[PDB]
Ligand SMILES: *[C@@H]1O[C@H](CO)[C@@H](O[C@@H]2O[C@H](CO)[C@@H](O[C@@H]3O[C@H](CO[C@H]4O[C@H](CO[C@H]5O[C@H](CO)[C@@H](O)[C@H](O)[C@@H]5O)[C@@H](O)[C@H](O[C@H]5O[C@H](CO)[C@@H](O)[C@H](O)[C@@H]5O)[C@@H]4O)[C@@H](O)[C@H](O[C@H]4O[C@H](CO)[C@@H](O)[C@H](O)[C@@H]4O[C@H]4O[C@H](CO)[C@@H](O)[C@H](O)[C@@H]4O[C@H]4O[C@H](CO)[C@@H](O)[C@H](O)[C@@H]4O)[C@@H]3O)[C@H](O)[C@H]2NC(C)=O)[C@H](O)[C@H]1NC(C)=O
Ligand SMILES: *[C@@H]1O[C@H](CO)[C@@H](O[C@@H]2O[C@H](CO)[C@@H](O[C@@H]3O[C@H](CO[C@H]4O[C@H](CO[C@H]5O[C@H](CO)[C@@H](O)[C@H](O)[C@@H]5O)[C@@H](O)[C@H](O[C@H]5O[C@H](CO)[C@@H](O)[C@H](O)[C@@H]5O)[C@@H]4O)[C@@H](O)[C@H](O[C@H]4O[C@H](CO)[C@@H](O)[C@H](O)[C@@H]4O[C@H]4O[C@H](CO)[C@@H](O)[C@H](O)[C@@H]4O[C@H]4O[C@H](CO)[C@@H](O)[C@H](O)[C@@H]4O)[C@@H]3O)[C@H](O)[C@H]2NC(C)=O)[C@H](O)[C@H]1NC(C)=O
Ligand SMILES: *[C@@H]1O[C@H](CO)[C@@H](O[C@@H]2O[C@H](CO)[C@@H](O[C@@H]3O[C@H](CO[C@H]4O[C@H](CO[C@H]5O[C@H](CO)[C@@H](O)[C@H](O)[C@@H]5O)[C@@H](O)[C@H](O[C@H]5O[C@H](CO)[C@@H](O)[C@H](O)[C@@H]5O)[C@@H]4O)[C@@H](O)[C@H](O[C@H]4O[C@H](CO)[C@@H](O)[C@H](O)[C@@H]4O[C@H]4O[C@H](CO)[C@@H](O)[C@H](O)[C@@H]4O[C@H]4O[C@H](CO)[C@@H](O)[C@H](O)[C@@H]4O)[C@@H]3O)[C@H](O)[C@H]2NC(C)=O)[C@H](O)[C@H]1NC(C)=O
Ligand SMILES: *[C@@H]1O[C@H](CO)[C@@H](O[C@@H]2O[C@H](CO)[C@@H](O[C@@H]3O[C@H](CO[C@H]4O[C@H](CO[C@H]5O[C@H](CO)[C@@H](O)[C@H](O)[C@@H]5O)[C@@H](O)[C@H](O[C@H]5O[C@H](CO)[C@@H](O)[C@H](O)[C@@H]5O)[C@@H]4O)[C@@H](O)[C@H](O[C@H]4O[C@H](CO)[C@@H](O)[C@H](O)[C@@H]4O[C@H]4O[C@H](CO)[C@@H](O)[C@H](O)[C@@H]4O[C@H]4O[C@H](CO)[C@@H](O)[C@H](O)[C@@H]4O)[C@@H]3O)[C@H](O)[C@H]2NC(C)=O)[C@H](O)[C@H]1NC(C)=O
Ligand SMILES: CCC(CC)O[C@@H]1C=C(C(=O)O)C[C@H](N)[C@H]1NC(C)=O
Ligand SMILES: CCC(CC)O[C@@H]1C=C(C(=O)O)C[C@H](N)[C@H]1NC(C)=O
Ligand SMILES: CCC(CC)O[C@@H]1C=C(C(=O)O)C[C@H](N)[C@H]1NC(C)=O
Ligand SMILES: [Ca+2]
Ligand SMILES: [Ca+2]
Ligand SMILES: [Ca+2]
Ligand SMILES: [Ca+2]
Ligand SMILES: [Ca+2]
């Protein structure tokens, strides 16, 4: 096997087709499904799998009580076959911890899990299913990373981490790994003022990450990484189509180099594909809560501060719960271009549905089509009353 | 691996032997078995598997309530090891949707799943477990396909789809795929007036599909496909042994080029092997309901409008529930001829057994013998009262 | 891979060591374990597995009620990893039916399952996990076979079948298979008057089967097969150490060519290793019921009508339930000799334990040692009161 | 594959990072998790797995009652994927018995399980998943072994066994195996007065075992084995940092060649890494019970009778239950040195938590870092009240 190189561009995105869906919460009402959150999707050369952070209990288990909580000793990064649910019996543990990323470099997979108390967390970098490198907290305040796949180019897999305040300036670092070893790291540069939970994809030897400004911004910060030079830039999506949550209503002119204000100290992980006219943004439909999900085609969103939608697709109705969302692609597919994909975490339980004592999610995932396909909506599908 | 070619003829069918049976409904009374319907069987070069459309819940799960319904966002094409039940933990998801087909071309497998609302459905064609092609609804009325295996020849895998009314003229298309790409499609031609749910098999470089005329016909339409020329014909089985359900009583002369009338706007998926004197037809024993199942040897059924049975075999007693049935063969077996096989879907629950709130099925499957074997009957075997 | 040849002799048997044990009934009290009976063990070149006839329900399932019954449409030959229990999720179905045998020829495995009603049963012979040959009932009275592994030599795998009365003369046949095809069959010859359920092993190009004379004999019939010549002999074990069940008390002189009388129309599957002074016989400890199990070293049991034990080993106490027992060996092990092995079926439930409505078993299995090892006893270990 | 050679030294241990954790007791509250104790970890060249002695029942099963008991016929050595729980459906049985060890020699794995009654136990040595050698009890008093991984060098895998009193002189033997055969055995020599449950690791062609003096010593005996010469020495850890449990308070001067007295006839399996200044000792935090766990860096512990800690790491708080602990390494990892690893058995249930009727455990495991990482604590995490 050789290291994968990002030699292709994105396929033209004219619509999105259904790729995977696990129905985990429906199925786990009566089967041994692990409680999760922070899911994602990631491909190896021969298989694509679902990933998430387990809470180390089943949904129906008494230990599901309290699983709104983020960072326990009972969490792990797990993977499981595409569109199956994360069960006790089919879930493979990649590493232990409560914040993660993972990617395949074409030879083997790197997985990163962070664990520890808030003031003393550490990353362990796994390569070829063995621990290779460890990184201690630099700011002693919840060292944390992407919660979706990283991307590699010629063996170099950049990863974005943050350590420090979630509601103020923090210390974000881009690490450049190869075979699980640190080649280099850099502090965040450019005009993004706060970075969380980057969602990344690669094309033509450039990695683009769309992140969450949890501090001030309802526009999303974007980091663009050159994995050969091992350098990067940052800015915000210029478009007035604002894509964090919660957020203010859309203005007519956005901000390229500044957080678009109105909402502080909150957000949600999200993603975009930023490719000139072939630009699509995901967001919650609601401006107030993690409900609904839609894709909007917003030509030149990254660079055009008045760019508005020219096309769209509803993924999840506004009357259904959504959650995190992130990018991945099958870098090992056939053909001449990389097909954009994404997932949405469909959160069930607390805090929105507090008649149950748990928090979990299921997954829906879609990839782009060059057709203009009909749209459906893809809810979680579980009846919460069944769990009472 | 090279593409499989249909170089052999059918083995002489003198009786049917038991091939597989999953007992899914019996076993799922107390284990984590998924609710299904629309099952089938399909072989790879090294393994044969059961397939079906999951309902995204277990039988015993509270989400089983309402699973009579056909087309939800919670359905997927699943496969699982031959004669095992479709469990949460052993079922592999092929694609998401509520109508499907799948076949192996000798190199890898193509799987097709259709999803969406009634007026905006789309097919996604998977090849080598990756999405390759998408097809939008052309008639905006429940785009839909075979619900059993397709067949390939030298890499060309024809698939029959219908879009439009189920009770009137519709727009049926034969698509010719290779490596998940569209080579060609053609509208239905010939004298079949309505096509649903084709059941196909191949021999000597010809693919024969027996389908369901849901509109007017209680004789079954037959499509015969030349996968080299990528052309086809259609007609009806001429025999007065009528093989849809519900149906009128058997006449003494059938119809070759016209629906045999008497029952409108209903049917059931079924199959036949049409091979001169080596012709066997499957049907429900009941003319009114999906109960019982039998095979009848009906020499020259396709072409002889007075052909009557010369031999038969009971598969399921008339006092037991049946369901859909379809053809498959192990194209990769040893020997000089292709052994005809079929499955029967043994539907349990609604609408016939409405003391439960679910609908599911198990599978029985048989292949032909050159012996004249003794017959048994093969019911589902679950006691519905246990589920109350 | 080449066909295995029986080139080695038996290892000297000085005691028996524990080989496998599944604890199935203990574990299935609270996990999804299939009801079984008629278990055995059989090796492939790279793995040894447990086998049995499923009843197509879990123990705890409501469908367990009635599983004393032998021959339903819901039974199948299953295999599963050594010493695991037969679960819904780990059990591989080899074929469908209610009487079986299976063996690996060094290239691939042959599995045979018989199904049907009593007057119309048929064997299907599977090779390389595909059906190849079918055999119809010749006597129309419960066509049936070994219920333990067959043995192969240079691709020829003899199998013993019986069809006809269980309490009178019947029609026993030795079939010689190769690649699942019939080379030859012969009717039983020699002085055994009735044959059931043969337990076989091979050494130095001879296959020895110890069987059950269900009609008149409490000594066990022995068939010895030359798989090159495809010929056989039969007689009884001459020893007065009688090894069927139920049985009369041991006399001082047995019978070589005649059933030893006293008990009619009953028996149990069992086995022996017949190798001159290296001869060991298994039997129930009880003369009346399937309770206890012991191995006795009985030099020249086959040929010496006064041979008595010189050594022994208790396997199951007389205060614990036993069941069927049978021979197998790992023909693909290292070293200079074939290590004798056996299993005992530990039957629980009906008819002996009729406060439950089911019948099932677990498995214990032992292989020979050239040491003189200490003995333990190996009960099933489940508490029946837990299942009430 | 070639036999692994112990060519590398230990990596510098500056802290410990989380490696694996199964959360078995939390998860098994509502899934089919086997009851275990005596767990460990062991690597093959391509995978690292958890191991333990099953009790042949699930936690939630009624057969969990009585599982404080050590030596039943229902126990087996099982392995399962790293950080998964030991479930009915994912656990592979290595051999049957109630005391074990296992190691991979670079070509294949050797597994040893001892079974039998107290006065007549026997070891079966498995190699390449087949039984090869058997050893009968020599002292007729609970023949028993390591309960953690053995280590191999050029195919020679030494194993320590004890037979005889647990509270007095016993007969300890070092066996040297290759391909599951006995090359040699030696009686214990040197100044260790009693040996139980050795925990071993290899580096630079030397194997170091830290064991449990159950009779008189609260310092741990150490056996050092030359696997080329097939010879060994024994002594005690000289350090006054005493590491058995229960134990007296730490003195200021320990004992090199004598048990450090104060506590008799009890202990716990434990481990150390003894590598000059790079020496780390594990122990319970409590001197009275199996509660808490910590690692202490104790330069020259083996040889310096006044050596005290220079660094440490808390693994399990003193308010949480611990248990056995043992060493393993991934001998097949990349890089220039062997990374020290260990596990801790987190015992739940009896005798400490006697409102439940069972005894089980989960596993936590850590490996060394050359960083100085932040510490967390890693409890079992189950709420016992949930099981009432
Ligand atoms: C079968 O399935 C097919 C395929 O899915 C279905 O067809 C799809 O139908 C949907 C639903 O209609 C479409 O999605 C919407 O797309 C529009 C964009 O397209 C419109 O606008 C285009 C651009 O117009 C401008 O520029 C052009 C030139 O470039 C100029 O010509 C024009 O005059 C104008 O200045 C038009 O080009 C486009 O027309 C084309 O397509 C038409 C078909 O759609 C066709 O009829 C025409 O002939 C022509 O070919 C069309 O007019 C998106 O704008 C829209 O998204 C907005 O609306 C939804 C609610 O519906 C909302 O959730 C979105 O967030 C977004 O609106 C919010 O954000 C805006 C931006 O800031 C803001 O301006 C809005 O006020 C609004 O803001 C509020 O809500 C947000 C969210 O809660 C909040 O944050 C704010 O604060 C505020 O509160 C949809 O995405 C698909 O594109 C369409 N697909 C295809 C291929 O056709 C079909 O319907 C299905 N069939 C059936 C039978 O069901
Ligand atoms: C051990 O197992 C073995 C193997 O399975 C069992 O043996 C099997 O036994 C079964 C049951 O008997 C057989 O199935 C039936 O087969 C007949 C066909 O064979 C008969 O007819 C043949 C053709 O006769 C005509 O042509 C020949 C020349 O070609 C001419 O010679 C003759 O005079 C005549 O004109 C005969 O050749 C054949 O004889 C041969 O075999 C005999 C053994 O069976 C033997 O005795 C002879 O010596 C000779 O060798 C024999 O007479 C099928 O017709 C039949 O199917 C009809 O009946 C069932 C109900 O039983 C029904 O469900 C079917 O749908 C079908 O009848 C319906 O459809 C007809 C066609 O339209 C219609 O005409 C009928 O009125 C009827 O219609 C009604 O019901 C349907 C369905 O609900 C409904 O839709 C309509 O509207 C209407 O209401 C069975 O398939 C096996 O062939 C046989 N197999 C073998 C190899 O022998 C054996 O019994 C078992 N042993 C034990 C002890 O149990
Ligand atoms: C640690 O583990 C070790 C290893 O397992 C344990 O040691 C084992 O201990 C057991 C139990 O004692 C032994 O099993 C029994 O073995 C005897 C056979 O050995 C005896 O007889 C030998 C032959 O004697 C004759 O010939 C020799 C010359 O060849 C001649 O020298 C002699 O005078 C005589 O004519 C002796 O050689 C042998 O001695 C040797 O070994 C001794 C140790 O055992 C040692 O002390 C000596 O120094 C010497 O080296 C010894 O005397 C079997 O006969 C016996 O089986 C019978 O009894 C059991 C009940 O215990 C029964 O279930 C069996 O079915 C069988 O008896 C039935 O069948 C007989 C045959 O028809 C019949 O005659 C009996 O009346 C009886 O029949 C009744 O019951 C059956 C069954 O219900 C029913 O069907 C009938 O109708 C009727 O009702 C046991 O198998 C092991 O061999 C032994 N192993 C080893 C290697 O030592 C050790 O005990 C454990 N340690 C501890 C501390 O527990
Ligand atoms: C973020 O995470 C990081 C990384 O984990 C956390 O930092 C870690 O913090 C912990 C907790 O403090 C440290 O663990 C302890 O380490 C000490 C050893 O280090 C001390 O001593 C060193 C040696 O001192 C001696 O020699 C030097 C020269 O070699 C000489 O200079 C000196 O004067 C003296 O003679 C010092 O070098 C060392 O200083 C260095 O590090 C300091 C940071 O820790 C730093 O401040 C300094 O500048 C300098 O660089 C330091 O002083 C262990 O001794 C200690 O273990 C004892 O205590 C615990 C309870 O805490 C107990 O459980 C242990 O068993 C042990 O004490 C028992 O055993 C002793 C030996 O027999 C006995 O003497 C004691 O009385 C006691 O015995 C009793 O209990 C036992 C157990 O129940 C019982 O059996 C007996 O019978 C009796 O009842 C801890 O292991 C880590 O080393 C440290 N790691 C790092 C890299 O810094 C950080 O805190 C986290 N951050 C936050 C914000 O939480
Ligand atoms: C700690 C700040 C961080 C990003 C703002 O919080 C995240 C927010 C989350 C959220 O908004 O749902 C859930 C994440 N599991 C959590 N991350 C961690 C590591 O706890
Ligand atoms: C039909 C006669 C035969 C041997 C005597 O009966 C066997 C006895 C059995 C028994 O004695 O326990 C159980 C077997 N499952 C049964 N075989 C079949 C095929 O039903
Ligand atoms: C028999 C003595 C031995 C070591 C002291 O006892 C061990 C103590 C144990 C303990 O201290 O927890 C549990 C072990 N399972 C047990 N070993 C066996 C084989 O029973
Ligand atoms: Ca924000
Ligand atoms: Ca019809
Ligand atoms: Ca008998
Ligand atoms: Ca359950
Ligand atoms: Ca001690």
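Protein chains in written order, with the entry's author numbering: chain A, 83 to 470; chain B, 83 to 470; chain C, 83 to 470; chain D, 83 to 470.
C-beta atoms are modelled at their ideal positions from N, C-alpha and C, and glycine is treated no differently.
Q) What are the start and end residues of each continuous beta strand (DSSP E) run of 3 or more residues lying completely inside the stretch 83-155 of chain C, in chain order? A) 97-103, 116-126, 129-140
(Q) With H, G and I counted as helix, E and B as strand and the rest as coil, what does DSSP make of residue 231/A? (A) coil
Q) Closer than 8 Å, CB to CB, is residue 145/D near chain C or not? A) yes
Q | residue 406/A - DSSP class collapsed to helix/strand/coil | A | coil
Q: Confirm the yes/no value for this check: CB of residue 350/C, any heavy atom of ligand 6, distance under 7 Å.
A: yes
Q | C-alpha distance - residue 111/C paired with residue 428/C, whole-angstrom precision | A | 15 Å
Q: May I ask you to verify whether the stretch 421-438 of chain A touches the stretch 111-129 of chain B, counting CB pairs closer than 8 Å and requiring at least 3?
A: no
Q. Skipping 5 residues on each side, what residues in its chain have a beta carbon closer than 8 Å to that of residue 489/D?
A. The requested residue 489/D is not part of the displayed model; chain D covers only 83 to 470.
Q: Please check the pair residue 230/C and residue 408/C, which I expect to be a contact at CB under 8 Å, by giving their CB distance rounded to whole angstroms.
A: 3 Å
Q: Report whether the distance from the Cβ of residue 296/B to the nearest heavy atom of ligand 9 is below 7 Å.
A: yes
**Q.** Three-state secondary structure assigned by DSSP to residue 467/B
**A.** helix
Q: Using a Cβ cut-off of 8 Å (strictly closer), state whether residue 158/D contacts chain C.
A: yes
Q) Mind checking whether residue 262/B and residue 234/B have CB atoms under 8 Å apart? A) no
Q: Report the neighbours of residue 465/A on chain B: residues whose CB is nearer than 8 Å to its CB, in chain order.
A: 144, 145
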